[PDB]
Structure formats: structure tokens, C-alpha cells
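Asks: Here is my input, please return the structure:
(one chain, ligands or ions: 4)
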Amino acid sequence: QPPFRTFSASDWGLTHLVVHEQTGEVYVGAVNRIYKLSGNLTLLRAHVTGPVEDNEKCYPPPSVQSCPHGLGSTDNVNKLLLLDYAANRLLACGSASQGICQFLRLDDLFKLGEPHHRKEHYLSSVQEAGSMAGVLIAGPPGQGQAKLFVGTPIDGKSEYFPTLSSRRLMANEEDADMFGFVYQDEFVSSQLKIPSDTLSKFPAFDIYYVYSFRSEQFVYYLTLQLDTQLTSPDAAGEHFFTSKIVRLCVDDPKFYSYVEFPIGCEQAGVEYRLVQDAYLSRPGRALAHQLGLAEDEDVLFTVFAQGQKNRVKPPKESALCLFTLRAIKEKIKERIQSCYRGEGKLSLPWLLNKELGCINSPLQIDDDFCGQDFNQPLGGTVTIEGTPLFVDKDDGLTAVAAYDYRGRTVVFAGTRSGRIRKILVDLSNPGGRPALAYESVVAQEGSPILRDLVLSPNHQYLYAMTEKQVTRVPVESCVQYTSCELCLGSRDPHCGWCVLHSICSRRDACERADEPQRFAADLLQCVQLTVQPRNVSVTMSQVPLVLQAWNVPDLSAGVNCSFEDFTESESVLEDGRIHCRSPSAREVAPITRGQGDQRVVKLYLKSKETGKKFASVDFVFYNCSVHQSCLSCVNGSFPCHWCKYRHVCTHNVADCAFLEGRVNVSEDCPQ
Ligand SMILES: *[C@@H]1O[C@H](CO)[C@@H](O[C@@H]2O[C@H](CO)[C@@H](O)[C@H](O)[C@H]2NC(C)=O)[C@H](O)[C@H]1NC(C)=O
Ligand SMILES: *[C@@H]1O[C@H](CO)[C@@H](O[C@@H]2O[C@H](CO)[C@@H](O)[C@H](O)[C@H]2NC(C)=O)[C@H](O)[C@H]1NC(C)=O
Ligand SMILES: *[C@@H]1O[C@H](CO)[C@@H](O)[C@H](O)[C@H]1NC(C)=O
Ligand SMILES: *[C@@H]1O[C@H](CO)[C@@H](O)[C@H](O)[C@H]1NC(C)=O
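Replies: Numbers count the residues shown, from 1 in each chain. Ligands and ions are numbered 1, 2, ... in the order given. Now the structure:
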């Protein structure tokens with residue numbers, strides 16, 4: 001119900017976000033600036049990094065060696081952003097001066113360093129953000145050494161920048177060994193350069209790195225490369241693309257373990273092969289036993305745009321697909337044993353060019369086999385297919401994230417309209433559909449969500465970032481539902497009905513909700529109320545009602561009968577039934593004064609424990625007087641008698657002139 005905790009931006013737009021797992025503080029990378037915010041998006045420190053005097057053509061940058069083509073003030077876009085919790089700092093890699101990286105200390109953003117005089121201190125000169133991705137890997141704790149796996153496009157600058165490397169993280173930020181490959185010799189290094197040939201063959205070619213995540217002893221990347229097949233050498237602009245997973249080992253210094261499989265999915269014969277975002281989540285016991293996975297097995301959610309055409313602006317039509325971490329390690333261990341049998345060949349047209357074949361070997365591959373000097377780098381033959389969960393043909397999907405709540409498996413997916421649909425994944429939905437979009441919160445109308453979309457540590461809020469602002473969006477928003485009938489009808493996995501407090505909340509937000517009937521799990525368990533009798537004539541006073549309440553806790557605390565906001569009779573309880581009194585006709589008079597033929601009024605049950613009304617039931621006051629004809633009287637839904645001689649309609653039949661004026665039934669009416 002309250003408004004969204006918000007943090008707008010200066011003149012500069014945002015690019016990346018990440019949350020400190022322990023302090024819950026929110027570090028936000030952006031153009032020229034790197035803001036650090038607090039749990040509620042309150043600004044803490046703001047570190048400026050631009051604009052700077054630079055040209056993209058200056059290799060090395062002007063801060064090391066002079067440069068010819070001329071300088072000019074240009075914006076320094078933060079392309080990547082990671083936390084080194086072990087070293088209590090933050091790595092913000094910019095787009096300025098061939099893409100050096102800064103080391104902002106965590107608790108004040110003190111520029112600890114920006115090493116900028118070596119060749120491998122320049123990661124890439126690309127200007128887009130969101131095309132860079134990577135992970136940190138702390139070594140033994142006392143040592144202080146770490147590693148940093150970075151994939152980036154290189155814009156055909158194959159001599160300067162590797163497209164994917166494994167550089168080292170020194171404890172002393174000024175050190176010149178920063179960003180140096182963790183294994184270097186004349187033959188192979190922890191590097192992976194694009195062949196000077198393929199860029200000569202195919203002019204504009206690059207690997208863009210969307211997501212990246214650590215899993216088991218590996219690191220996986222979801223890349224999106226230009227298809228070397230579906231595109232002619234002519235760089236007209238008709239180039240199609242192909243999304244591919246990539247995986248390395250953390251303990252593979254020579255980079256033998258490389259592997260690259262295409263990915264995508266379909267639903268109703270629609271192709272989706274342009275990866276957009278991806279999130280690694282543990283699926284929670286509900287979706288777990290549904291998929292046969294152990295409690296330690298993970299899942300990868302993905303977002304694909306339709307087709308393979310146009311990378312810089314994919315079509316709106318998008319799908320949220322699922323890959324189980326099992327099924328990916330399988331298609332690998334099946335294709336890299338397929339090599340160690342001598343069948344087929346390594347198939348990487350961009351990295352290898354000349355069709356080298358697979359070599360035989362009497363070795364049995366594990367799940368944890370990290371390559372050898374043969375049968376690598378290994379290609380991908382069949383595109384790994386994903387499981388479609390949700391399609392959107394109107395407002396494109398742009399970002400993804402997920403977690404679990406009390407078994408149920410929740411997926412948050414950002415849209416180009418700026419909304420964040422809350423998706424529940426279950427295979428046992430009787431409709432045959434696997435996912436239900438149970439809500440569509442709007443974080444900022446008219447701005448696509450950016451793919452960074454992480455939760456607070458307590459999983460309470462999800463920070464949904466656009467170009468213009470961050471938005472602390474509440475995961476649970478159960479209070480918004482007003483009655484049990486639609487609190488549980490929303491199918492929100494967090495939401496149940498706290499019956500005795502008349503509020504929609506989480507199973508732990510309802511006081512004493514473990515006791516029976518205090519909480520409502522299934523819809524067919526909403527509070528139900530019945531009254532005997534439902535109607536009384538305004539002529540009557542204080543007629544005894546008997547109410548029967550169903551699906552309610554131990555009401556022995558005490559309960560009142562409240563007729564909307566008029567009478568408030570205190571009640572008594574016997575067996576399973578609630579006795580109380582109708583209003584006295586002195587009280588009934590202003591209730592029905594005006595409402596004419598009848599008035600329905602809500603007969604509530606106010607509990608002594610809470611003090612709030614929790615159960616409602618319709619109660620009717622009728623007024624036989626207002627009926628004008630003999631038939632207005634009789635055929636009325638309620639017992640009214642027509643006095644044919646006085647020409648009036650009443651309840652207590654003593655009002656008639658004589659008895660023979662008693663007209664009970666419609667056929668005994670005169671005309
Ligand atoms: C008005 O209330 C009365 C009583 O609560 C309802 O009349 C009952 O109708 C059933 C069905 O024929 C009978 O078995 C009961 O004996 C009736 N009771 C009495 C006291 O008449 C009546 O249906 C209600 N009508 C409306 C429109 O609410
Ligand atoms: C039941 O209905 C009758 C008729 O509508 C109400 O009596 C009328 O009250 C108005 C306003 O005071 C008078 O101007 C009319 O002359 C009255 N008509 C009759 C026939 O008495 C009566 O007040 C209603 N009873 C309740 C409890 O609301
Ligand atoms: C926001 O949170 C900070 C700490 O995280 C707190 O000091 C501040 O009072 C809060 N302000 C608002 C408006 O919520
Ligand atoms: C129940 O009704 C009586 C009658 O006035 C009132 O005094 C009492 O406060 C009511 N109980 C609650 C919980 O409102």
C-alpha cells in the first residue's frame with residue numbers, strides 16, 4: 001500500500017546494480033558516477049568518474065602515452081560491477097581510456113586504485129554496458145589472492161583485448177600485477193583471443209556476455225555471438241545471432257575446459273534464440289520433487305527474444321524459458337565423451353576455423369573433467385532446448401530473477417513497460433500451463449527494467465532498476481487484498497488470510513497463525529457466516545438472531561454483533577452457534593428511513609480479541625408499509641398482508657380494518 005521507496009538520478013543514467021549480501025547496502029553503477037545507497041535507497045556516498053578527456057582511438061590512453069587523433073570530454077560508462085567481500089572493496093570497470101577499472105573501498109568509495117599503465121590493464125574499449133559480465137573467486141583466505149573471470153566484446157580489436165580471460169586480483173590495489181592473467185607462458189595463457197582470421201573473414205564480429213554465474217567448480221556464461229553461418233561475408237546489416245552457454249573450470253589455468261553450446265527454446269513453433277537475461281536460483285522443494293532434482297541442484301531461468309535477427313534491438317515478443325542445471329552438465333558430459341570416443345569433431349567456426357577432428361582416447365569422462373591438451377576447445381552441435389514458462393507478445397521481457405518462499409517457487413520478470421510481473425512456477429496446474437503471472441507491479445511506467453534485478457538479503461524487497469531510477473519493490477504485498485475471498489483467490493504464494501484480524505498477510509505475519517483456523521491456506525477455507533432469520537420487519541424489535549460461523553478459530557475470547565455502524569450488540573456462544581439480538585426498532589428507524597421497500601445491511605462479527613470485524617453476512621430489514629398496491633404487498637419477497645378495506649399494506653395484521661380485509665395471497669386481490 002505505501003509508495004515505492006525510490007532513488008532517482010542526476011543528469012546521468014544507471015547501468016548496473018548489486019547488493020552487499022550482509023550489510024544490505026546497494027551499490028549502483030552508472031554513467032560517470034558510482035552511487036552507494038542504503039537499504040531503503042537513501043544516498044550514502046557518491047563517487048564521480050567522468051566525463052574524462054579521452055578518445056576511443058587512443059591505445060594506450062592519453063594518461064600513459066601521447067595520442068594523435070585528438071581528445072574531447074566523453075562519458076565513462078560503468079560496464080561491470082562486482083564486490084570483493086574478502087578485500088572489502090568494489091570493482092567498477094568503466095568505458096573510458098580503453099576501459100580501466102577502479103577499486104572503490106566499500107564503506108566510503110575511496111578510490112583505492114585504478115592501475116592504468118600495462119597492456120592487460122585495459123579490458124575493452126566498447127561503449128555499451130550490459131555486454132560485460134564476470135565473477136570473483138577468492139583463493140585461500142589467509143593468502144589474499146583471488147581471481148577474476150571477465151568476458152567482454154572487443155570490437156574487432158583482437159590484438160589489444162581478450163574476449164574472455166582469467167586475471168588475478170592483488171591485495172594492494174596499486175600493484176601492477178593487477179588484472180594479469182593467472183597463468184602466462186609462450187604457448188597458452190588464461191586468455192581467449194578472437195582469431196585475427198575470423199574478424200578478417202567476418203568484418204564486424206563479437207561475443208557479447210549477458211549473464212555469468214559460478215556453479216559447482218565451474219563458471220558459466222550466457223553469451224550472444226554473431227552467427228558465422230546465417231550471415232554472408234557482406235556486412236550489410238542483415239547479421240543474425242546465436243545465443244550460447246559457455247563454461248570453464250576455476251582450476252583450469254591453461255583454459256582447456258572451454259565448451260560452448262547453443263541455447264534457445266520454442267513454444268507453439270515460435271523460435272526464441274536471442275538471450276536477454278538469466279538468473280541462477282535454487283528452486284525450492286515444491287518445484288524440486290516436480291523435476292526430480294536433489295535439494296542441492298540448481299536451475300537457470302532465462303529470457304529469450306523471438307528469433308535470431310537484430311541484436312541491438314530484439315523484437316518485443318519474448319519468452320521466459322527454463323534450463324535445469326542437470327540437463328546442461330549432461331549435454332556436455334555426453335558431447336565430450338562423444339569426443340573421447342573419436343566420433344565427430346570440435347566445432348567452433350569462430351575460434352578454430354579449420355575443421356579439426358575429435359581424437360580417440362581410452363578415458364572415461366566424469367562430471368568434473370577439466371580438459372586436457374587435446375579435444376579442446378570443444379564446440380556445440382545441437383542447440384540445448386529450454387522449457388517455456390511464459391510468453392509475452394505485447395510488452396517485451398527484459399530482466400529476470402527468482403527465489404523460493406516456503407516451498408513455492410517465485411520468478412520476478414521485468415518488462416519494457418517498467419512493470420515487474422510475479423510468476424509462480426508449478427507443473428501441477430490443472431490447466432496444463434506451467435507458470436501463472438499472479439501480479440504486475442509497476443516500478444516506473446515507460447522505462448525498460450535493466451537486467452540487474454537483485455533482492456535484499458532478507459528477501460523482503462527486490463530492487464528493480466531502470467535507466468532513470470532504482471525502485472525498492474516489496475516482494476510480499478499481501479495487505480493489498482481486502483477480503484479472504486480474493487486474498488487466497490489471488491494465488492499469491494506468500495498470501496493467506498489472517499481470519500481473526502481480517503487482514504491478508506504472510507503465514508508468519510498473522511498472530512497465532514499456527515493455532516487452528518487462525519490462518520487460511522486453501523480458498524475453500526474462507527470464513528463463512530449464516531443467520532437465522534435473514535430478514536425481520538422494521539415493526540419488530542430486538543428479535544433473537546442465531547448465527548453459525550464456519551472456518552473460524554476459538555471465538556471464546558468474545559464476539560459482538562455489529563450491524564454495520566449502527567447497533568453493537570454483545571453476543572453469547574452456545575454449541576457451534578452465536579446468539580445475539582437484532583436492533584430495537586428505535587435503532588432500526590434511521591437505518592431504513594428512506595431506503596423504502598427494503599434495506600440490506602452487513603451483519604458483522606467484531607471479535608473481542610482483535611477488535612476488528614472478521615466475518616460478514618447479509619441481513620435484511622423490510623418495511624411492508626411502502627408497498628402501494630395489493631400485489632406490491634403480497635408478491636413481495638417478505639410476509640406482508642394487504643388490508644383491502646383500508647387500502648394499505650402492513651406486517652402485524654391487526655392494522656386491517658376488519659379481518660375480511662386480510663389479503664394474504666396475490667389471487668385474492670381485487671381490481
Ligand atoms: C426471509 O426470512 C425467512 C426466515 O428466515 C425465510 O423464510 C423461510 O423459508 C424457508 C424456505 O421455504 C422455510 O423452510 C422457512 O420455514 C422460512 N422461515 C420463515 C420464518 O418464514 C425467507 O426465505 C426469507 N426471504 C428473503 C427474501 O430473505
Ligand atoms: C416504513 O415505511 C413507511 C412508509 O414509507 C414510513 O412512514 C413514512 O414516513 C415518512 C417520513 O417520516 C412520512 O412522511 C410518511 O407519511 C410515512 N408513511 C406512513 C404510511 O406512515 C416509516 O417511517 C418506515 N419505517 C421505518 C422504521 O423506517
Ligand atoms: C532509510 O534507511 C536509513 C538506513 O538504511 C535510515 O537511516 C533512514 O532514516 C531511512 N529513511 C527513510 C525515509 O526511510
Ligand atoms: C460490544 O458492545 C458493547 C455495547 O456498547 C461495547 O461496550 C463493547 O465495547 C463492544 N465490544 C467491542 C470489542 O467493541
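
Asks: Ligand 2 contacts on this protein?
Replies: By Cβ under 6 Å from any ligand atom, the residues of the chain that approach ligand 2 are 538, 588-589, 592-593, 623, 625-626. C-beta coordinates here come from the backbone N, C-alpha and C atoms, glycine included.

Asks: quick one: the helices in the protein?
Replies: Listed in chain order, the helices found in the chain under DSSP state H are 196-201, 284-291, 325-335, 337-340, 484-487, 585-592, 630-634.

Asks: As TSV, the ones you listed with distance to residue 270 and mean neighbour count would be great.
Replies: Rendered in TSV, the data for those read as follows (distance: least, Cβ to Cβ, whole Å; neighbours: other Cβ atoms under 10 Å):
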stretch	distance to residue 270	mean neighbour count
helix 196-201	31	14
helix 284-291	24	17
helix 325-335	21	17
helix 337-340	30	18
helix 484-487	34	18
helix 585-592	60	15
helix 630-634	63	19
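
Asks: got TSV for those helices, with distance to residue 89 too?
Replies: Compiled in TSV, these are given as follows (distance: least, Cβ to Cβ, whole Å):
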stretch	distance to residue 89
helix 196-201	35
helix 284-291	33
helix 325-335	30
helix 337-340	41
helix 484-487	46
helix 585-592	70
helix 630-634	85
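
Asks: Chain neighbours aside, what residue packs nearest to residue 640?
Replies: Distance criterion Cβ to Cβ, 6 or more residues apart in numbering; nearest residue to residue 640, sequence neighbours excluded, is residue 624 at 3.7 Å.

Asks: thought the one you found was touching residue 643?
Replies: No: taking contact to mean Cβ atoms under 8 Å, the distance of 10.4 Å between residue 624 and residue 643 leaves them out of contact.

Asks: Next, show the common contact partners of these two.
Replies: Common neighbours of residue 624 and residue 643, using Cβ atoms under 8 Å, 6 or more residues apart in numbering, are 649-650.

Asks: neighbour count winner among the two?
Replies: Higher neighbour count among residue 624 and residue 643: residue 624, with 24 against 20, using other Cβ atoms under 10 Å.

Asks: sorry, back to before: between the helices of the chain, which gets nearest to ligand 1?
Replies: In this view, those are compared for proximity to ligand 1 by Cβ to the nearest ligand atom, and helix 630-634 is the closest at 13.8 Å.

Asks: So that closest one, near ligand 1 or not?
Replies: No: in this structure, helix 630-634 remains apart from ligand 1 according to Cβ under 6 Å from any ligand atom; the gap is never smaller than 13.8 Å.

Asks: Leaving out sequence neighbours, find the closest residue to the residue nearest the centre of the chain.
Replies: In the chain, the C-alpha closest to the average C-alpha coordinate belongs to residue 412, at a distance of 1.4 Å (Cα atoms, centre = their mean). Once its chain neighbours are removed from consideration, residue 412 has its nearest residue in residue 401; the separation is 4.8 Å (Cβ to Cβ, 6+ apart).

Asks: For residue 602, see how far away that neighbour is.
Replies: Separation of residue 401 from residue 602 (Cβ to Cβ, to the nearest Å) stands at 42 Å.

Asks: who's more crowded, those two?
Replies: In terms of neighbours (other Cβ under 10 Å), residue 401 is the more surrounded of residue 401 and residue 602; the figures are 24 against 13.

Asks: ok, now which ones touch that one?
Replies: For residue 401, the residues meeting the contact criterion (Cβ under 8 Å, 6+ apart) are 279, 281, 301, 411-413, 453-455, 462.

Asks: Most neighbours out of the residues you listed, which is it?
Replies: Per-residue neighbour counts (other Cβ under 10 Å) across the contacts of residue 401 peak at residue 413, which has 29 neighbours.

Asks: Next, the buried residues of stretch 338-350.
Replies: Neighbour-count burial for stretch 338-350, counted by 16 or more other Cβ atoms under 10 Å, picks out 338-340, 345-348, 350.

Asks: Run through who's touching it.
Replies: 194-195, 198, 202, 205, 225, 228-229, 260, 352, 355-361, 363, 365, 375-381.

Asks: Okay, now it: how far is its last residue from its first?
Replies: Across its full length, stretch 338-350 reaches 21 Å between end residues, using Cα to Cα, to the nearest Å.

Asks: what do you get for stretch 75-88?
Replies: With Cα to Cα as the measure, the ends of stretch 75-88 fall 27 Å from one another.

Asks: now do stretch 515-529
Replies: Its start and end residues considered, stretch 515-529 measures 20 Å (Cα to Cα).

Asks: Please apply the same query to stretch 438-458.
Replies: First residue to last in stretch 438-458 (Cα to Cα) measures 22 Å.

Asks: And the contacts of stretch 171-184?
Replies: The contact list for stretch 171-184 (Cβ under 8 Å, 6+ apart) reads 87, 89, 101, 103, 112-113, 115, 117-118, 120-121, 123, 144-145, 147-148, 165-170, 189-191, 253-254.

Asks: Need the buried ones from those residues selected in ChimeraX.
Replies: Those of the contacts of stretch 171-184 that count as buried under 16+ other Cβ under 10 Å are selected in ChimeraX with:
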select :87,89,101,103,112,113,115,120,121,123,147,148,165,166,167,168,169,170,189,190,191,253,254
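
Asks: Tell me which of the contacts of stretch 171-184 fall in strands.
Replies: Those of the contacts of stretch 171-184 mapping onto strands are 89, 101, 103, 147-148, 165-169, per DSSP state E.

Asks: mind checking the longest strand of this structure?
Replies: Longest strand in the chain, counting residues (DSSP E): strand 270-281.

Asks: The nearest residue to residue 98 once chain neighbours are set aside and residue 167, how far apart?
Replies: What sits nearest to residue 98 in space, not counting adjacent residues and going by Cβ to Cβ, 6+ apart, is residue 122, at 3.5 Å. Taking Cβ to Cβ as the criterion, residue 122 is separated from residue 167 by 12 Å.

Asks: likewise residue 61?
Replies: 18 Å.

Asks: burial count for the closest residue to residue 499 other than its chain neighbours?
Replies: Excluding its sequence neighbours, the residue lying closest to residue 499 (Cβ to Cβ, 6+ apart) is residue 527, at 5.1 Å. The number of residues packed near residue 527 is 23, by other Cβ under 10 Å.

Asks: Residue 527 contacts residue 552, doesn't it?
Replies: Yes: here residue 527 lies in contact with residue 552, judged by Cβ under 8 Å, at a distance of 5.6 Å.

Asks: shared neighbours of these two, anything?
Replies: 499, 614-615.

Asks: The residues you listed in strands, which ones?
Replies: 614-615.

Asks: Just list whatever residues bridge to whichever residue of the stretch 451-600 of the chain sits closest to ligand 3.
Replies: Per Cβ to the nearest ligand atom, residue 472 is where the stretch 451-600 of the chain lies closest to ligand 3, at 9.6 Å. Each beta-bridge partner of residue 472 is listed here: residue 5, residue 463, as defined by DSSP bridges.

Asks: measure it to ligand 4 for me?
Replies: 37 Å (Cβ to the nearest ligand atom, to the nearest Å).

Asks: ok, now residue 487?
Replies: Plainly put, residue 487 is 23 Å away from ligand 4 if you go by Cβ to the nearest ligand atom.
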